[PDB]
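Listed next as structure tokens is one chain, alone, in the form solved without the partner chain.
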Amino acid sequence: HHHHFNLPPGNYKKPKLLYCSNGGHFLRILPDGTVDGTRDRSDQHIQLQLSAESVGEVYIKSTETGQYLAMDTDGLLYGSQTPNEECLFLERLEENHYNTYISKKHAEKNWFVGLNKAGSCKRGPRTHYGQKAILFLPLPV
């Protein structure tokens, strides 16, 4: 393992909103495959359904479009039509409270799902442990 194994509580029974306190944005996967953040709680592309593939390993999928969140070879988040190796994330508890998501494919490089204060997704290499951008709270839809 390249990472700890503290896991968050809660489950995958219902869909969630992934909220980032860094800039106050919800993770959003747009129909065209774009991924960013929005403060609009009424947005129809921020409802996500997570599922466990192995303990602590998840897919994060758009309930509206069916796309899977994925991180590419250059660290950019995108929406994928089909599940592939770039769509698996290591979901962990962080600061004894939040959820973080590390790219399984690039776990040895510590590339996280993260939103900057401007509401844009961060590129993998620009993320790292200790940032506020990588901290999410799963909220009810």
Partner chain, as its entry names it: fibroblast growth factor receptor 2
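Residue numbers count along the first chain shown, from 1.
The same protein also exists as the form deposited with the partner chain bound; that form is not shown, yet it is the one meant from here on.
Residue contact check for residue 73: none of its heavy atoms lie within 4.5 Å of the partner chain in the deposited complex. In the deposited complex, no heavy atom of residue 105 sits within 4.5 Å of the partner chain. Although the partner is absent here, residue 94 is a contact residue: one of its heavy atoms lies within 4.5 angstroms of the partner chain in the deposited complex. Proximity of residue 98 to the partner chain in the deposited complex falls within the 4.5 Å heavy atom cutoff. Although the partner chain is not shown here, in the deposited complex the stretch 13-29 places heavy atoms of 19, 21, 22, 23, 24, 26 within 4.5 Å of it, in sequence order.
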